[PDB]
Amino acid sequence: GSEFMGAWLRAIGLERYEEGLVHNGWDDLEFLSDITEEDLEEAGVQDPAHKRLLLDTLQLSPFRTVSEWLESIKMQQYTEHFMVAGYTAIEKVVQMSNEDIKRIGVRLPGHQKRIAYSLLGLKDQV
């Protein structure tokens, strides 16, 4: 979580990077595990040893409706964005591309990625 991630970063000496991660949508420890080196660079983590430590540490440890699905990944702030753009049923959201996710107003990379990873699992399920 946003506070929990701050403590997690502080525990490994990477508190300096909290603001940049959070500002890029990497704001929840539960979903940080899919972050890549490239994502880190984009979020302000330039130092190779700092990226390595963050990534090494992460190694250690059917929905009926669109709103229910978004709630499961803590992305309910975007429910109206999806609904007004016509992505109003699970059978519609599973067809979305990364370009569609951005177009409808998901701007933060960590949120874009969270949604895209989650859709893979949904598509597999349906």
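Numbers follow the displayed sequence, beginning with 1.
- The entry models residue 61 and residue 62 with a gap of 10 or more deposited residues left without coordinates.
- Comparing the deposited coordinates for 62-70 and 81-89, the stretch with the larger average C-alpha B-factor is 62-70.
- Set 15-23 against 98-106 and average the Cα temperature factors; 15-23 ends up higher.
- Sorting the modelled residues of the chain by their CA temperature factor places residue 47 in the middle third.
- The entry lists a Cα temperature factor for residue 29 that places it in the highest third of the chain's modelled residues.
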